[PDB]
Amino acid sequence: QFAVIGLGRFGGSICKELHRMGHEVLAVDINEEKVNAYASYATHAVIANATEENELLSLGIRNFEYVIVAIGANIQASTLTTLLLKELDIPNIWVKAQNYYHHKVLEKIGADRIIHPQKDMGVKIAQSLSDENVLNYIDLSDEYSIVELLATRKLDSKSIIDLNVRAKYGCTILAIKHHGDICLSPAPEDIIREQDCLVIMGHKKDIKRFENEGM
Amino acid sequence: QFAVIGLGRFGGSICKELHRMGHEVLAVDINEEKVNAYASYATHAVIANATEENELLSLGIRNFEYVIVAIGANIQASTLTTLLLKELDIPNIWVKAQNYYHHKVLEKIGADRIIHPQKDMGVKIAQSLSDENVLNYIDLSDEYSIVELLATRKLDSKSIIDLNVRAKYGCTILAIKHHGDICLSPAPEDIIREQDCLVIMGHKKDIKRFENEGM
Amino acid sequence: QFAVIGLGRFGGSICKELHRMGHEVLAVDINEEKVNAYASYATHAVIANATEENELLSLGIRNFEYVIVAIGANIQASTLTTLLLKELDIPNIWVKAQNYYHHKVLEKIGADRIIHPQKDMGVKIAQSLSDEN
Amino acid sequence: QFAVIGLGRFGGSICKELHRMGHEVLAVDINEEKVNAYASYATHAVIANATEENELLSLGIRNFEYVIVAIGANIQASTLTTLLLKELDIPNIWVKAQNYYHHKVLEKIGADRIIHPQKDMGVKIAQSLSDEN
Amino acid sequence: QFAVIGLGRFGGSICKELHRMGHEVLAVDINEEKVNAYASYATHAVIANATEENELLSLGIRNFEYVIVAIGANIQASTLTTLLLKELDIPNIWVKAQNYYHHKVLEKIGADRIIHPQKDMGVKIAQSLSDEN
Amino acid sequence: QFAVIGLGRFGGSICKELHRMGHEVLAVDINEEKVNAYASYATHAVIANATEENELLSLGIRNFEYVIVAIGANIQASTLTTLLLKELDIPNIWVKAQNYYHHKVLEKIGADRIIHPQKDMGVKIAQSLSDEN
Amino acid sequence: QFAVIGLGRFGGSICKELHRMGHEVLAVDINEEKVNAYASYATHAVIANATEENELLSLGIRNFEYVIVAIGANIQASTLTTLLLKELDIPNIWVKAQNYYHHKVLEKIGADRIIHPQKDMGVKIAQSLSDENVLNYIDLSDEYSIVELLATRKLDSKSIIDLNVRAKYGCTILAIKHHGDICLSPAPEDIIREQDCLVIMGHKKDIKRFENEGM
Amino acid sequence: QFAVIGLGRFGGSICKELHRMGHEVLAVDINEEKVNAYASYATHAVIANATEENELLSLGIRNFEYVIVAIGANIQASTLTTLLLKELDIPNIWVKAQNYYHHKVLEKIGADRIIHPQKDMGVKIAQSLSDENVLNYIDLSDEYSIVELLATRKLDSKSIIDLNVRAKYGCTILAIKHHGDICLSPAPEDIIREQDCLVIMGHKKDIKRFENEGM
Ligand SMILES: Nc1ncnc2c1ncn2[C@@H]1O[C@H](COP(=O)(O)OP(=O)(O)O)[C@@H](O)[C@H]1O
Ligand SMILES: Nc1ncnc2c1ncn2[C@@H]1O[C@H](COP(=O)(O)OP(=O)(O)O)[C@@H](O)[C@H]1O
Ligand SMILES: Nc1ncnc2c1ncn2[C@@H]1O[C@H](COP(=O)(O)OP(=O)(O)O)[C@@H](O)[C@H]1O
Ligand SMILES: Nc1ncnc2c1ncn2[C@@H]1O[C@H](COP(=O)(O)OP(=O)(O)O)[C@@H](O)[C@H]1O
Ligand SMILES: Nc1ncnc2c1ncn2[C@@H]1O[C@H](COP(=O)(O)OP(=O)(O)O)[C@@H](O)[C@H]1O
Ligand SMILES: Nc1ncnc2c1ncn2[C@@H]1O[C@H](COP(=O)(O)OP(=O)(O)O)[C@@H](O)[C@H]1O
Ligand SMILES: Nc1ncnc2c1ncn2[C@@H]1O[C@H](COP(=O)(O)OP(=O)(O)O)[C@@H](O)[C@H]1O
Ligand SMILES: Nc1ncnc2c1ncn2[C@@H]1O[C@H](COP(=O)(O)OP(=O)(O)O)[C@@H](O)[C@H]1O
């Protein structure tokens, strides 16, 4: 179902994670050491030059719905490989881009999705920096969002009804995670202890307000 | 308030994003071209060798609450920088790790947070791969999660009350985004049209079940 | 009618010859000396970075039916330029290829004609060697 | 009858084309991969450093009426090879020139024909652009 | 009982002297010549990259109570080796420091003793100059 | 009474320690920063190129009974300096050796004592490892 | 009148010596330090790339009757320089050759004189080796030579008439240098003291004979 | 009788020339190709590292009265070799110097003669440049010299008595070389034809005078 062509810092993580999730993954790499190291973290692991068409054919690359092109430094190899894959009519080709130019040429040679890892981690890290309590989040729209917050010493031993967010800030609490244990859509009697995960939902500015005065 | 020491693919994104959010950021780089290119995307931009203590002092680095060490290839430079910063009693030092070894030595020299960008993008990309319908998601815990899904033709013109997720699958719908318009905590009469954003919340396997039989 | 983007050993020859035949040619080059040397061998000669879209727009590159991409060594610059030209709906884009890979990426990004100079002169020279008469 | 010393974009084409025409061609190259790839496109293919006289002798280079010096980037190697060949009394020595200077030194050391591939393809491409019909 | 990882001016001396005293010493080195030269001055001598964990395991490095990290110039290799050894729960890890920074990072990753050779020989030489008698 | 020509890891230690013991020491260094840093750790500190005879004369190097040549990496500078000092009839010349070869040439050019810092600290460290008590 | 293009071990010596003799010399070098060091040993000294024609023109290189190309390692630079100089119609171009190939190409591009320094010093050193008594010499032809000899204890207090070289060995004595004082075409009564300079002239083998039995 | 340790541009010439003169020479070289190439130009040729004492012993280096150290670039190897040779009490050790420092250390480690090839060829070339007619010469003293001159079109078909040098310039002609044929101490009736070798003897300034007005 999944084939990962470059087993580096980026692609290797994709391989290991997909394997950990329970999907079947074929790992490819030109470097034998890399192939050996990922033998345990993949259904199958093969030594192959992804820029060589007959080798791609030998891999049975056609058996796959998703092929990930994760060769970092060598732009030539990456775009050539992506090209060969597009020739073989692979349904989904995901390639890691190094820069603007690489993104452009991948764009035109029919890459289905282009990933800028360090860029995205850039914005994500910026998000966590801007607010140290936000552990994670998802934006529903330009104005509305669901936010994951780390409870500070302002929130310990407080009940949901005490923190009347539904009226005071127009936001609603969705979940509380205490010592790994999880409470979904909790009732107003429930207690939030410090260092716990708190999942709020509402307007961005309203959530910021609640963070400011509340915690 | 924020200082970014390495203006590369990773650090540059952090800088640009922090600047876009409205925070004041001091960008550092040994490469003059990089400093010039990030002049517009930062409050201040300086040419400096982050491995030279007197230069760090010249930057007024102690005036900052958060310093980001984002020098990629040069592990020596990274750990040296982190060390010097730790000597200067910087409250929060975030460093990009290249490998396991780098993570360990940064860990021991008192790095406050160590980031593996390509790894994390690895797992999230794996997440988007496992379901093309999940546009985004957030893990509340090992078993429970909030998921954003792309509506298929199986869900078109279906009501929330028609798709009884709260009893049949034990999960709860949180939001519906239809042509950009947004419905928060929608009522059972509401309609879901295909290709719209659907926000479900619950157990991972249960949501997977709902994906399987429902859509 | 004709624009030549790279004034090197290859492109410069195209420019000079087209000019000698009596056609009007706009010569482009990032190197000022090259532009100066071909001032006499072209209707107009301009300093410009062919990988910069706004510069291409400033050249009035769309007013041309034929644009020749003759940047040799820099594969990246060549393909990026070809790309920008393809975006600007240029009717005929002819590019000099460095190798097989360059030929492939140029092929896919919609190059109208891809030339392998050394190859073609190769077969031509072989022809001349086969019968000197 | 024919020997091609540099199996690159230029020389490789000469080799392949001469072989395709039905002439017997000896392909030389310092790079083993190139030699391997042109085994099928030549009567014989040999790994050799064309700047080493004893290797040239080992090739039986004197048995040839036409020897082609097609080493691109390395001007030094090119002129050294041409020189050694001129010493071995080769009847016809054709060399690919990189620039004006290379053309001059090849000219003086007795090169029988000096080819500027990109230039000639330049004028021919200009010809084709001038009248597409 | 003793393992010396870097057989240079510093570590080689440790090895030779420990061997001369009658203790059993395992000498390690990435350079084959060094390993060969110290075969006679050690119980066992092995070619190995001290920055590679599986090689460390292959050496049976855990069987040793004292491991000496004596890699000079390469600070990275030194700290990486020290780190790997600290992971393998080596009881006593003594490392040669190049500078203040190296001393600090070795200090934090749990080096049992950090030696500054030139400094100590400095103070001792000063002692000898102060009273030659 | 004492002159230290190289203020590095080795020589700087000698200087600082001799100064701490109460002897008068003249510190030399080609690097101004080094001279500045050791201003407090020496009776006098001077910027000078030890391979330049007139500079040595300007230092009043002959007024000293002991001159320490502690220039590490630069073997040439070290031996040249030692040589100039031997010409100037310096009573005691002590030089830091880099390797066997350096030891040999220093040996022949009349060095009074040749020190191998890393070697000696090597045996010393081996001693400390043999009996931790 | 004289221009030296390469100020290295070879060319620098030519420059310095020509300057010491009293001729006016323009020294050229691409290396600024070299140009600075030869400022005192030349009429003029200039930083210039000898492979750049416009720079050569800027030097006023055509105003010179003799131009010396003494660039060692870089054969390409040497031949290119020689070529450019030949284009500028320089009357006399002397170039240092690195090897046989270099000698040949310089020969063909119209070098007026090609020098192999280490070769020539090779043969002369061989000459001084064959007889430690020959301090210097000059070959008139393949068979005949003029030789300068160091007097041994076999020749001490001997007269020219005592050592009848003109008949017994067919050679003729030309000069005697005794404690620096010099005697040209000395009379038969003159005495030769040991360790003095003796200038004989004749056939090589005959002089060797005289060395053998005489001294 | 002679051993040459470095078979390069310099040492190889010494070897070949000594061999051509008829002396027996042992050539040493660490490079096998060099040893093979000089097999024909030496009595014996051996592959050896001159910095290795036991190899020197294996060569039978002790059998030689003269050992030439002609290793160019590697100063360390040169001085180390010279040192080893001095330890083995070789009577005559001649070494090629690269620079001032090398000359100094060779001087102190007991080198019997130190040669600066390119320097000496420098002064020699300067001599031939200063006067194009002087082919060679030997200085008897600061003021007096014997000079070899190339006859110009001023001297063709002239008799020695016509060019009364013995009175007019105080100099005396010693030899005339015509088409390889040689005339020693020629009588006044003899003719000098152009392009012939002419050997004059006398005062330097006087010889210059004769060159000026005569030829
Ligand atoms: N032609 C190729 N075929 C297959 N695998 C390749 C090829 N070129 C590179 N790779 C693999 O891709 C990986 C690149 O990893 P890396 O350079 O760390 O990129 P990233 O930083 O994106 O992880 C390497 O592990 C290498 O083995
Ligand atoms: N010692 C240093 N001090 C300051 N900046 C540095 C230093 N070393 C490297 N840099 C900067 O850090 C940047 C590294 O970026 P890059 O190598 O792309 O890392 P990444 O791939 O993680 O973005 C370079 O642009 C360089 O200018
Ligand atoms: N990005 C660019 N935009 C515009 N001109 C460029 C760009 N990159 C290179 N050039 C020009 O193209 C020319 C390339 O010529 P060259 O490298 O000699 O190729 P060739 O050998 O095929 O002629 C150079 O003279 C350079 O000035
Ligand atoms: N010294 C040499 N002897 C023999 N062959 C050589 C030598 N140097 C280079 N070559 C060969 O000549 C070829 C030159 O090809 P290339 O650099 O592509 O020139 P071009 O661009 O003109 O084709 C290479 O394949 C190389 O193997
Ligand atoms: N990664 C490594 N693994 C094992 N041994 C190493 C490694 N790197 C260097 N060494 C060895 O360590 C020794 C270091 O010696 P040297 O550089 O002279 O240090 P010092 O000057 O302290 O003696 C070398 O002999 C080298 O072979
Ligand atoms: N020619 C010279 N004259 C005077 N001082 C010199 C000369 N060459 C080097 N030095 C000084 O000697 C010091 C050498 O120290 P270093 O290279 O660290 O050797 P070590 O590692 O043995 O201390 C340098 O600080 C330099 O300033
Ligand atoms: N292209 C050039 N133009 C001018 N000077 C040059 C050029 N290339 C080299 N040189 C000079 O010529 C000198 C070469 O000297 P060197 O390598 O010692 O030759 P040699 O050993 O024959 O003296 C260098 O000092 C360098 O500065
Ligand atoms: N350790 C050594 N033992 C023997 N021969 C050596 C050694 N090192 C170098 N050589 C020889 O000395 C020669 C040096 O020649 P080269 O570098 O041209 O110097 P030069 O310019 O004085 O001729 C080389 O041919 C090499 O084979």
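Cut-offs applied
- Residues numbered from 1 in each chain as written, not as in the entry; some residues may be left out.
- Chains lettered and ligands numbered in written order.
- Heavy atoms only, no water.
- Domains from an automatic or database assignment.
- Helix = DSSP H or I, 4+ residues; strand = E, 2+ residues; numbered from the N terminus.
- Least-squares fit on C-alpha atoms.
- Contact = heavy atoms within 4.5 Å.
- Near = heavy atom within 4 Å.
- Polar contact = N/O pair within 3.5 Å; in protein donor to acceptor, adjacent residues only side chain to side chain.
- Areas by Shrake-Rupley, 256 points an atom, 1.4 Å probe, with all protein chains shown as cover.
- Nonpolar A, V, L, I, M, F, W, Y, C, P; charged D, E, K, R; others polar.
- Pairing = 2+ DSSP bridges.
- Buried area = accessible area lost by both parts, 1.4 Å probe.
- Axes fitted to C-alpha atoms, helices over the stretch in contact; angles between N-to-C directions.
- Salt bridge = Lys/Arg side-chain N within 4 Å of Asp/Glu carboxyl O.
- Buried < 20%, exposed > 50% of the residue type's maximum accessible area, 1.4 Å probe, protein only.
- Patch = residues over 30% accessible without salt bridge, like charges linked within 9 Å, V, L, I, M, F, W, Y side chains within 5 Å.
- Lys, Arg positive; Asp, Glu negative; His and termini not counted.
- Charge placed at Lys NZ, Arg CZ, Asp CG, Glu CD.
- Core = buried A, V, L, I, M, F, W, Y, C linked by side-chain atoms within 4.5 Å.

- Method information in the entry identifies X-ray crystallography as the source of the structure, with 3.9830 Å recorded as the resolution.

## Describing the domain arrangement of chain A
Reports of interface size often rely on the accessible area that becomes lost once the parts have come together.
Link 1 in the chain: Split by domain assignment, chain A resolves into domain 1 (1-116) and domain 2 (131-215).
Link 2 in the chain: The gap between the C-alpha centroids of domain 1 of chain A and domain 2 of chain A is 40 Å.

## Structural notes on unusual backbone geometry
Link 1 in the chain: With a phi angle near 45°, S185 of chain B is a residue other than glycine that sits in the positive phi range.
Link 2 in the chain: Within the secondary structure, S185 of chain B sits in the loop between β11 (181-184) and β12 (191-192).

## A look at the relation of the copies chain E and chain F
Link 1 in the chain: When chain E is fitted to chain F, the residual RMSD is 0.1 Å, and the transformation amounts to a turn of 178° plus an axial shift of 0.2 Å. The relationship between the two copies is best expressed as a two-fold rotation axis.
Link 2 in the chain: A shared binding surface is used by both copies, with 100% of the interface residues of chain E retained as interface residues in chain F.

## A word on the site of ligand 4
Link 1 in the chain: Neighbouring residues of ligand 4: 19 residues in total, closest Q118 of chain C together with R9, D29, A50 and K96 of chain D.
Link 2 in the chain: Here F10 of chain D contributes a backbone N or O atom positioned 3.2 Å from an oxygen atom of ligand 4.
Link 3 in the chain: Here a nitrogen atom of ligand 4 and a side-chain polar atom of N49 of chain D are 2.9 Å apart.
Link 4 in the chain: Alone, ligand 4 offers 580 Å² of accessible surface; in the complex the protein occludes 84% of this.
Link 5 in the chain: Broken down by class, the residue content of the shell around ligand 4 amounts to 8 nonpolar, 7 polar and 4 charged.

## Here's the deal with the arrangement of the chains
Link 1 in the chain: Between chain F and chain G there is no contact; the minimum C-alpha to C-alpha separation amounts to 16 Å.
Link 2 in the chain: Left apart from each other, chain A and chain H have a closest C-alpha approach of 36 Å.

## So, the pairing of strand β7 (residues 134-139) of chain H
All names here are of chain H.
Link 1 in the chain: Note that β7 and strand β8 (residues 144-150) share 5 bridges and pair antiparallel. Bridge pairing links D139 to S145 in β8.
Link 2 in the chain: If you look at the hairpin formed by β7 and β8, you'll find 4 residues sitting between the two strands.

## Topic: the interface of chain E and chain F
Link 1 in the chain: Facing the 32 residues of chain E at the interface are 33 residues of chain F.
Link 2 in the chain: Taken together, both faces of the contact between chain E and chain F bury some 3,200 Å²; the carbon and sulfur share is 61%.
Link 3 in the chain: Together, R9, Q118 and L129 of chain E form the three largest contributors to the area buried by chain E at its contact with chain F, with a combined 24%.
Link 4 in the chain: Here chain E is connected to chain F by 17 residue pairs in polar contact.
Link 5 in the chain: Of all the elements in the fold, those that place two or more residues in the side of chain E that touches chain F are α1 (11-21), β4 (66-69), β5 (92-96), β6 (113-115) and α6 (117-130) of chain E.
Link 6 in the chain: Looking at the side of chain E that touches chain F element by element, the count peaks at 14 residues for α6 of chain E.
Link 7 in the chain: Of the residues in the side of chain E that touches chain F, the class split is 15 nonpolar, 9 polar and 8 charged.

## Thoughts on the sheet that holds β7 of chain H
Residues and elements named next belong to chain H.
Link 1 in the chain: Strand order in the open sheet formed by 5 strands is β7-β8-β13-β10-β11, and the pairing between neighbours is antiparallel. A strand with exactly one partner marks an edge of an open sheet, and here the two such strands are β7 and β11 (181-184). For this sheet the average axis-to-axis angle between neighbouring strands, irrespective of direction, equals 15°.
Link 2 in the chain: With 7 bridges joining them, β8 and strand β13 (residues 197-203) adopt antiparallel strand pairing. Paired with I146 across the strands is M201, a residue of β13.

## Some thoughts on the pattern of salt bridges
Link 1 in the chain: For the structure shown, the criterion picks out 32 salt bridges over all chains.
Link 2 in the chain: We note a salt bridge from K104 of chain B to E107 of chain B, for which the minimum N-O separation is 3.6 Å. Note that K104 of chain B and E107 of chain B are positioned in helix α5 (residues 100-108) at a spacing of 3 residues, about one turn of the helix.
Link 3 in the chain: With relative accessibility at 41%, the residue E107 of chain B sits in the partly exposed group.
Link 4 in the chain: Each member of the salt-bridge network shares a partner with another, and the members are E87 of chain A together with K104 and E107 of chain C.

## Regarding a positive patch on the surface
Link 1 in the chain: A contiguous patch of positive charge, built from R9 and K34 of chain A together with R9 and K34 of chain B, is present on the exposed surface.
Link 2 in the chain: By the element assignment, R9 of chain A lies in the loop between β1 (2-4) and α1 (11-21).

## Topic: the sheet that holds strand β3 (residues 44-47) of chain D
Residue and element names in this part refer to chain D.
Link 1 in the chain: Spatial strand order, β3-β2-β1-β4-β5-β6: 6 strands in an open sheet with parallel pairing. Every other strand in the sheet has two partners, leaving β3 and β6 (113-115) as the edge strands with one partner each. Shown here is a sheet whose adjacent strand axes are inclined to one another by a mean of 15°, direction ignored.
Link 2 in the chain: In this structure, strand β1 (residues 2-4) lies alongside strand β4 (residues 66-69), joined through 3 bridges in parallel fashion. Bridge pairing in β4 links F2 to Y66.

## Remarks on the environment of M215 of chain G
Residue and element names in this part refer to chain G.
Link 1 in the chain: By the element assignment, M215 lies in the segment after α8 (204-214).
Link 2 in the chain: Given the relative accessible area of 15%, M215 is considered buried.
Link 3 in the chain: Linking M215 and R153, residues 62 residues apart in sequence, is a C-alpha distance of 7.7 Å.
Link 4 in the chain: Once residues within four sequence positions are removed from consideration, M215 is found in contact with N133, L149, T152, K154, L155 and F210.

## As for the side chain of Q127 of chain H
Link 1 in the chain: Here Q127 of chain H lies in helix α6 (residues 117-130).
Link 2 in the chain: The class for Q127 of chain H is buried, based on a relative accessible area of 17%.
Link 3 in the chain: Ignoring any residue separated from it by four or fewer positions in sequence, one finds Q127 of chain H in contact with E17 and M21 of chain G together with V134 and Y137 of chain H.

## Quick notes on the interface of chain B and chain A
Link 1 in the chain: With 50 residues of chain B at the interface, the matching set in chain A holds 50 residues.
Link 2 in the chain: Here chain B meets chain A over a buried area of about 4,600 Å², counting both sides, of which 67% is carbon and sulfur.
Link 3 in the chain: Per-residue buried area on chain B facing chain A is highest for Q118, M121 and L129 of chain B; these three make up 16% of the total on that side.
Link 4 in the chain: The tally of links from chain B across to chain A stands at 0 salt bridges.

## Considerations on the relation of the copies chain B and chain A
Link 1 in the chain: In the superposition of chain B on chain A (RMSD 0.9 Å, axial shift 0.0 Å), the rotation amounts to 180°.
Link 2 in the chain: A shared binding surface is used by both copies, with 98% of the interface residues of chain B retained as interface residues in chain A.

## Here we look at the nonpolar core
Link 1 in the chain: Formed by 58 residues in total, the largest nonpolar core has its most connected members in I61, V67 and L85 of chain F together with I61, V67 and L85 of chain H.
Link 2 in the chain: By residue number, the principal contributor to this core is helix α4 (residues 75-87) of chain F, which donates 6 residues.
Link 3 in the chain: Residues contacting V67 of chain F, with those up to four places away along its chain left out, are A3, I5, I61, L85, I90, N92, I93 and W94 of chain F.
Link 4 in the chain: Residues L26, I61, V67 and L84 of chain A belong to the second largest nonpolar core, which totals 56 residues.

## Digging into helix α5 (residues 100-108) of chain G
Link 1 in the chain: Those residues of α5 of chain G that fall on the buried side of the exposure criterion are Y101, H102, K104, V105 and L106 of chain G.
Link 2 in the chain: Contacts made by the buried residues of α5 of chain G are with α4 (75-87) of chain D together with α4 (75-87), β5 (92-96) and β6 (113-115) of chain G.
Link 3 in the chain: Capping the start of α5 of chain G is the job of one residue whose side-chain oxygen sits 3.3 Å from the backbone nitrogen of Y101 of chain G: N99 of chain G.

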